[PDB]
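Below: input_22.txt (compact mmCIF, C-alpha atoms and all ligand atoms)
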```txt
# COMPACT_ATOMS: atom_id res chain seq x y z
CA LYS B 9 10.82 0.54 15.44
CA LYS B 10 12.97 -1.12 18.10
CA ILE B 11 12.38 -4.88 18.14
CA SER B 12 12.89 -7.13 21.17
CA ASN B 13 13.39 -10.91 21.00
CA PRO B 14 11.88 -11.11 17.54
CA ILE B 15 10.66 -14.27 16.08
CA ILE B 16 13.36 -16.00 14.09
CA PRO B 17 13.02 -16.26 11.11
CA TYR B 18 12.42 -12.53 11.27
CA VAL B 19 10.99 -10.61 8.35
CA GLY B 20 9.97 -7.04 9.08
CA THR B 21 9.48 -3.71 7.36
CA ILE B 22 12.17 -1.12 7.99
CA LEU B 23 10.12 1.99 8.82
CA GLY B 24 11.47 4.82 6.70
CA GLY B 25 14.01 2.57 4.99
CA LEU B 26 17.70 3.37 5.36
CA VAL B 27 19.72 6.55 4.77
CA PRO B 28 23.48 7.22 4.85
CA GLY B 29 24.77 7.83 8.36
CA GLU B 30 22.33 5.47 10.05
CA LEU B 31 23.23 2.31 11.96
CA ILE B 32 21.46 -1.02 12.23
CA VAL B 33 22.37 -2.48 15.62
CA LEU B 34 21.71 -6.15 16.33
CA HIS B 35 22.25 -7.87 19.65
CA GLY B 36 21.96 -11.64 19.53
CA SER B 37 23.62 -14.96 20.23
CA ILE B 38 24.75 -18.08 18.40
CA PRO B 39 23.41 -21.51 19.40
CA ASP B 40 25.94 -24.24 20.31
CA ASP B 41 25.21 -26.18 17.10
CA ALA B 42 25.00 -23.34 14.57
CA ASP B 43 26.01 -23.92 10.95
CA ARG B 44 25.20 -20.52 9.46
CA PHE B 45 22.84 -17.57 9.66
CA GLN B 46 22.10 -14.54 7.52
CA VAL B 47 21.02 -10.92 7.78
CA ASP B 48 19.32 -9.76 4.57
CA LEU B 49 18.43 -6.20 3.58
CA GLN B 50 15.62 -6.82 1.11
CA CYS B 51 13.23 -5.23 -1.33
CA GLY B 52 9.95 -6.49 0.04
CA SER B 53 9.23 -9.95 1.39
CA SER B 54 7.93 -11.87 -1.62
CA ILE B 55 8.73 -15.60 -1.52
CA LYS B 56 7.76 -16.49 -5.08
CA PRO B 57 9.26 -14.75 -6.89
CA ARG B 58 11.89 -14.25 -4.22
CA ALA B 59 12.47 -10.70 -2.97
CA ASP B 60 15.69 -9.06 -4.12
CA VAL B 61 18.37 -8.97 -1.43
CA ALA B 62 20.46 -5.80 -1.63
CA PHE B 63 22.83 -6.99 1.06
CA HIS B 64 23.15 -10.61 2.18
CA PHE B 65 25.45 -10.91 5.21
CA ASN B 66 26.08 -14.60 5.83
CA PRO B 67 28.44 -15.96 8.51
CA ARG B 68 29.27 -19.64 7.95
CA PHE B 69 30.82 -21.64 10.78
CA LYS B 70 32.26 -24.55 8.78
CA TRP B 71 36.01 -25.10 9.07
CA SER B 72 37.83 -21.93 10.15
CA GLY B 73 34.70 -19.90 9.42
CA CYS B 74 33.99 -17.13 6.91
CA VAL B 75 31.47 -14.44 6.13
CA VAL B 76 29.90 -14.44 2.67
CA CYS B 77 28.32 -11.26 1.33
CA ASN B 78 26.31 -11.05 -1.87
CA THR B 79 23.31 -9.52 -3.61
CA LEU B 80 20.30 -11.40 -5.01
CA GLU B 81 18.63 -9.72 -7.98
CA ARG B 82 15.88 -11.21 -10.14
CA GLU B 83 16.22 -14.46 -8.15
CA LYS B 84 19.90 -14.86 -8.98
CA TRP B 85 22.90 -14.53 -6.70
CA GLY B 86 25.77 -12.35 -7.86
CA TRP B 87 29.48 -12.75 -7.26
CA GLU B 88 30.32 -13.47 -3.64
CA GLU B 89 32.60 -11.31 -1.56
CA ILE B 90 34.08 -13.57 1.10
CA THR B 91 35.78 -12.35 4.25
CA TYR B 92 37.90 -15.13 5.74
CA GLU B 93 37.34 -14.06 9.32
CA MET B 94 34.92 -15.43 11.89
CA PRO B 95 34.22 -13.10 14.80
CA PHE B 96 31.11 -15.07 15.80
CA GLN B 97 31.47 -17.86 18.31
CA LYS B 98 29.06 -20.70 19.05
CA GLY B 99 27.27 -20.38 22.37
CA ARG B 100 28.12 -16.68 22.68
CA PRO B 101 26.37 -13.30 22.45
CA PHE B 102 27.33 -10.77 19.79
CA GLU B 103 26.68 -7.25 18.60
CA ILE B 104 26.52 -6.47 14.89
CA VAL B 105 26.57 -2.84 13.77
CA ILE B 106 25.87 -2.14 10.09
CA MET B 107 26.77 1.43 9.18
CA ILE B 108 24.97 2.72 6.11
CA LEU B 109 27.12 4.95 3.88
CA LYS B 110 26.54 6.44 0.42
CA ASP B 111 28.93 4.00 -1.24
CA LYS B 112 29.08 1.01 1.07
CA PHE B 113 27.83 -0.85 4.09
CA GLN B 114 30.47 -1.07 6.78
CA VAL B 115 30.02 -3.86 9.28
CA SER B 116 31.50 -4.21 12.77
CA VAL B 117 31.08 -7.19 15.08
CA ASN B 118 31.66 -6.81 18.80
CA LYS B 119 33.00 -3.29 18.17
CA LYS B 120 35.72 -4.52 15.77
CA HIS B 121 35.74 -3.80 12.04
CA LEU B 122 34.75 -6.78 9.89
CA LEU B 123 34.07 -5.74 6.30
CA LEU B 124 33.00 -3.26 3.65
CA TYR B 125 30.51 -3.98 0.87
CA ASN B 126 29.86 -1.68 -2.11
CA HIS B 127 26.20 -1.07 -2.95
CA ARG B 128 24.89 -3.07 -5.90
CA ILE B 129 21.22 -2.11 -5.47
CA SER B 130 20.13 1.48 -4.74
CA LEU B 131 19.81 2.14 -1.00
CA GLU B 132 16.29 3.60 -1.35
CA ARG B 133 14.98 0.23 -2.55
CA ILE B 134 15.63 -1.45 0.79
CA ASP B 135 12.47 -1.68 2.91
CA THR B 136 12.70 -5.02 4.71
CA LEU B 137 15.04 -6.71 7.18
CA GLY B 138 15.27 -10.51 7.12
CA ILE B 139 17.14 -12.61 9.68
CA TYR B 140 17.27 -16.35 9.09
CA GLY B 141 19.13 -19.47 10.20
CA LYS B 142 20.74 -20.66 13.42
CA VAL B 143 20.81 -17.43 15.36
CA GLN B 144 18.88 -15.84 18.21
CA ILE B 145 18.21 -12.12 18.33
CA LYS B 146 17.72 -10.13 21.51
CA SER B 147 17.25 -6.74 19.86
CA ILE B 148 17.17 -4.85 16.57
CA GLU B 149 17.59 -1.07 16.68
CA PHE B 150 17.83 1.54 13.94
CA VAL B 151 19.96 4.48 14.99
CA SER B 152 19.35 7.87 13.33
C1 LIG U 1 15.23 -23.68 1.55
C2 LIG U 1 16.72 -23.31 1.67
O1 LIG U 1 17.52 -24.15 2.06
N1 LIG U 1 17.15 -21.99 1.30
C3 LIG U 1 18.60 -21.57 1.41
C4 LIG U 1 19.11 -21.12 0.08
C5 LIG U 1 19.07 -22.26 -0.97
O2 LIG U 1 19.61 -23.42 -0.46
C6 LIG U 1 19.82 -21.89 -2.24
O3 LIG U 1 19.35 -20.68 -2.66
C7 LIG U 1 19.63 -22.91 -3.36
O4 LIG U 1 18.31 -23.24 -3.69
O5 LIG U 1 20.38 -20.44 0.08
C8 LIG U 1 20.52 -19.49 1.14
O6 LIG U 1 22.01 -19.62 1.06
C9 LIG U 1 22.69 -19.16 -0.16
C10 LIG U 1 23.35 -17.89 -0.05
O7 LIG U 1 24.11 -17.85 1.19
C11 LIG U 1 24.27 -17.64 -1.21
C12 LIG U 1 25.05 -16.38 -1.15
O8 LIG U 1 25.93 -16.19 -2.17
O9 LIG U 1 25.27 -18.72 -1.34
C13 LIG U 1 24.62 -19.94 -1.55
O10 LIG U 1 25.56 -20.99 -1.62
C14 LIG U 1 26.40 -20.93 -2.79
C15 LIG U 1 27.80 -21.12 -2.41
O11 LIG U 1 28.24 -20.11 -1.51
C16 LIG U 1 28.71 -21.10 -3.59
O12 LIG U 1 30.00 -21.47 -3.18
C17 LIG U 1 28.29 -22.03 -4.70
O13 LIG U 1 28.66 -23.33 -4.40
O14 LIG U 1 26.91 -22.00 -4.94
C18 LIG U 1 26.02 -22.02 -3.72
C19 LIG U 1 24.66 -21.91 -4.26
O15 LIG U 1 24.36 -20.68 -4.91
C20 LIG U 1 23.67 -20.26 -0.44
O16 LIG U 1 22.97 -21.44 -0.77
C21 LIG U 1 19.75 -18.37 0.31
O17 LIG U 1 19.32 -17.39 1.00
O18 LIG U 1 19.66 -18.38 -0.95
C22 LIG U 1 19.93 -19.90 2.47
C23 LIG U 1 18.67 -20.52 2.36
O19 LIG U 1 18.25 -21.04 3.69
```
What would the structure in this file look like if it were written as structure tokens?
Ligand SMILES: CC(=O)N[C@H]1[C@H]([C@H](O)[C@H](O)CO)O[C@@](O[C@H]2[C@@H](O)[C@@H](CO)O[C@@H](O[C@H]3[C@H](O)[C@@H](O)[C@@H](O)O[C@@H]3CO)[C@@H]2O)(C(=O)O)C[C@@H]1O
Amino acid sequence: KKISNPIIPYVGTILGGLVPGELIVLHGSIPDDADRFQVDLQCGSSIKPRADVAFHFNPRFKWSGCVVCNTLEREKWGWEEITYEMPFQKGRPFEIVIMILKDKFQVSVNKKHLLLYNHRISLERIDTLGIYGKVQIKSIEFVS
């Protein structure tokens, strides 16, 4: 389903899960005082024990800024993949597009390539989208 101005923190089921070729399109904005936010593609929404996170996409505004990606499995974070770019800007709107491929997620921000991330958890296990932190979201759309 298309989601408009969701409640942040957002935790919602992804109807039909994800398949290769599909896009997750997020329109949102960053508050003036943001420190970080994250978009998590999860297996369920359990809090204790904490739901596995197949893909954690985590922009951090400190210093020059970076984006940390990782996977949480059995309540433990794996090895981080850090992209030392920061396309997000405080006080500004953004578009994130996550392209789902057989081997990787490919992420663009504001129609510019940002990063690739190899799957660590099988794609079919993802059933939940989580968005947390200092971020506002105008819309979430899943494109077939
Ligand atoms: C209640 C709360 O604050 N939850 C946040 C958690 C916890 O603080 C954390 O799990 C410890 O209890 O962390 C979230 O942020 C983590 C996540 O971005 C992962 C991704 O790899 O990195 C963690 O920080 C790393 C850091 O990047 C490393 O350099 C190293 O120093 O270790 C730390 C800790 O592992 C983040 O804490 C989370 O989702 O787990 C955000 C939560 O709001």
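Every protein or nucleic acid residue with an atom no more than 10 Å from residue B:29, counting all atoms listed in the file and leaving out same-chain residues fewer than 2 positions away, appears here: residues 26, 27, 31, 107, 108, 109, 110, 151 and 152 of chain B.
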Could you list, as a PyMOL selection string, all the residues within 10 Å of ligand LIG 1 (chain U), counting all atoms listed in the file?
-> chain B and resi 44-48+58+61+63-68+75-80+83-90+140-141
The selected residues should be written to file as an mmCIF file, in the frame of the given file (atoms: C-alpha atoms).
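part24.cif written:
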```cif
data_model
loop_
_atom_site.group_PDB
_atom_site.id
_atom_site.type_symbol
_atom_site.label_atom_id
_atom_site.label_comp_id
_atom_site.auth_asym_id
_atom_site.auth_seq_id
_atom_site.Cartn_x
_atom_site.Cartn_y
_atom_site.Cartn_z
ATOM 1 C CA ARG B 44 25.200 -20.520 9.460
ATOM 2 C CA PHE B 45 22.840 -17.570 9.660
ATOM 3 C CA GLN B 46 22.100 -14.540 7.520
ATOM 4 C CA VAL B 47 21.020 -10.920 7.780
ATOM 5 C CA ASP B 48 19.320 -9.760 4.570
ATOM 6 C CA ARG B 58 11.890 -14.250 -4.220
ATOM 7 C CA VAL B 61 18.370 -8.970 -1.430
ATOM 8 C CA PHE B 63 22.830 -6.990 1.060
ATOM 9 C CA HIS B 64 23.150 -10.610 2.180
ATOM 10 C CA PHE B 65 25.450 -10.910 5.210
ATOM 11 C CA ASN B 66 26.080 -14.600 5.830
ATOM 12 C CA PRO B 67 28.440 -15.960 8.510
ATOM 13 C CA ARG B 68 29.270 -19.640 7.950
ATOM 14 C CA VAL B 75 31.470 -14.440 6.130
ATOM 15 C CA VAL B 76 29.900 -14.440 2.670
ATOM 16 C CA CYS B 77 28.320 -11.260 1.330
ATOM 17 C CA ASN B 78 26.310 -11.050 -1.870
ATOM 18 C CA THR B 79 23.310 -9.520 -3.610
ATOM 19 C CA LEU B 80 20.300 -11.400 -5.010
ATOM 20 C CA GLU B 83 16.220 -14.460 -8.150
ATOM 21 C CA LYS B 84 19.900 -14.860 -8.980
ATOM 22 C CA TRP B 85 22.900 -14.530 -6.700
ATOM 23 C CA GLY B 86 25.770 -12.350 -7.860
ATOM 24 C CA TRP B 87 29.480 -12.750 -7.260
ATOM 25 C CA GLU B 88 30.320 -13.470 -3.640
ATOM 26 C CA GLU B 89 32.600 -11.310 -1.560
ATOM 27 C CA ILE B 90 34.080 -13.570 1.100
ATOM 28 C CA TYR B 140 17.270 -16.350 9.090
ATOM 29 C CA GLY B 141 19.130 -19.470 10.200
#
```
Tell me, as a list in words, which residues lie within 6 Å of residue B:103, counting all atoms listed in the file; anything in the same chain fewer than 3 positions away does not count.
->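 Surrounding residues, per the criterion: residues 34, 35, 117 and 118 of chain B.
The shell of residues at most 7 Å from residue B:143, with all atoms listed in the file counted and near chain neighbours (fewer than 5 positions) removed, consists of residues 37, 38, 39 and 45 of chain B.
With all atoms listed in the file as the atoms that count, the residue of B:24, B:17, B:57, B:73 with the shortest distance to residue B:98 is B:73.
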Taking (24.1, -3.8, -5.4) in the file's coordinates as the center, which residues reach within 8 Å of it, counting only C-alpha atoms, put as a list in words?
->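 Residues close enough to count: residues 62, 63, 79, 126, 127, 128, 129 and 130 of chain B.
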Smallest atom-to-atom distance to residue B:91: which of B:121, B:9, B:133, B:56, using all atoms listed in the file?
->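 Among B:121, B:9, B:133, B:56, it is B:121 that comes nearest to residue B:91.
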Give the answer as one residue: which of B:95, B:25, B:101, B:36 has the shortest atom-to-atom distance to residue B:49, using all atoms listed in the file?
->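 Among B:95, B:25, B:101, B:36, it is B:25 that comes nearest to residue B:49.
Here atom CA of residue B:100 is placed at a distance of 22.2 Å from atom CA of residue B:10.
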Compare B:11, B:59, B:148, B:19 by their minimum atom-to-atom distance to residue B:32, counting only C-alpha atoms, and give me the closest one.
->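 Of all the options, B:148 lies closest to residue B:32.
If you measure from each of B:82, B:54, B:18, B:112 to residue B:142 using all atoms listed in the file, the closest one turns out to be B:18.
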Enter the distance from atom CA of residue B:92 to atom CA of residue B:125, in Å, rounded to one decimal.
->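 Spanning atom CA of residue B:92 to atom CA of residue B:125 is a straight-line distance of 14.2 Å.
One distance worth recording is that between atom CA of residue B:113 and atom CA of residue B:99, which is 26.8 Å.
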Pick from B:21, B:116, B:72, B:144: nearest to residue B:53, with only C-alpha atoms counted?
->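 Closest residue, counting only C-alpha atoms: B:21.
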Enclose all atoms of stretch 109-119 of chain B listed in the file in an axis-aligned box, grow every side by 8 Å, and hand back centre and edge lengths in Å to one decimal, as JSON.
```
{"center_x": 29.8, "center_y": -0.4, "center_z": 8.8, "size_x": 22.5, "size_y": 29.6, "size_z": 36.0}
```
Completion step: stretch 56-70 of chain B with N, CA and C atoms as a short mmCIF file (atom, residue, chain, number, x, y, z; two decimals), in the frame of the given file:
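What ended up in part_21.cif:
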```cif
data_model
loop_
_atom_site.label_atom_id
_atom_site.label_comp_id
_atom_site.auth_asym_id
_atom_site.auth_seq_id
_atom_site.Cartn_x
_atom_site.Cartn_y
_atom_site.Cartn_z
N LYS B 56 7.74 -16.12 -3.67
CA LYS B 56 7.76 -16.49 -5.08
C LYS B 56 7.04 -15.44 -5.92
N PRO B 57 7.80 -14.69 -6.75
CA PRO B 57 9.26 -14.75 -6.89
C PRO B 57 9.96 -14.20 -5.66
N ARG B 58 11.19 -14.64 -5.43
CA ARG B 58 11.89 -14.25 -4.22
C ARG B 58 12.34 -12.79 -4.24
N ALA B 59 12.07 -12.09 -3.14
CA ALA B 59 12.47 -10.70 -2.97
C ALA B 59 13.96 -10.50 -3.23
N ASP B 60 14.29 -9.44 -3.96
CA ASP B 60 15.69 -9.06 -4.12
C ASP B 60 16.34 -8.83 -2.76
N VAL B 61 17.60 -9.22 -2.64
CA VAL B 61 18.37 -8.97 -1.43
C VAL B 61 19.51 -8.03 -1.79
N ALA B 62 19.41 -6.77 -1.37
CA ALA B 62 20.46 -5.80 -1.63
C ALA B 62 21.76 -6.17 -0.94
N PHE B 63 21.65 -6.61 0.30
CA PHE B 63 22.83 -6.99 1.06
C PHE B 63 22.52 -8.23 1.87
N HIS B 64 23.22 -9.31 1.51
CA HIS B 64 23.15 -10.61 2.18
C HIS B 64 24.43 -10.70 2.98
N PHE B 65 24.31 -10.78 4.30
CA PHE B 65 25.45 -10.91 5.21
C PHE B 65 25.34 -12.27 5.89
N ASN B 66 26.28 -13.17 5.57
CA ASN B 66 26.08 -14.60 5.83
C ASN B 66 27.30 -15.27 6.47
N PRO B 67 27.39 -15.21 7.81
CA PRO B 67 28.44 -15.96 8.51
C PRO B 67 28.22 -17.47 8.39
N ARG B 68 29.29 -18.19 8.10
CA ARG B 68 29.27 -19.64 7.95
C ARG B 68 30.32 -20.22 8.87
N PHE B 69 29.93 -21.16 9.72
CA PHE B 69 30.82 -21.64 10.78
C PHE B 69 31.75 -22.79 10.39
N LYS B 70 31.48 -23.40 9.23
CA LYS B 70 32.26 -24.55 8.78
C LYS B 70 33.75 -24.23 8.73
#
```
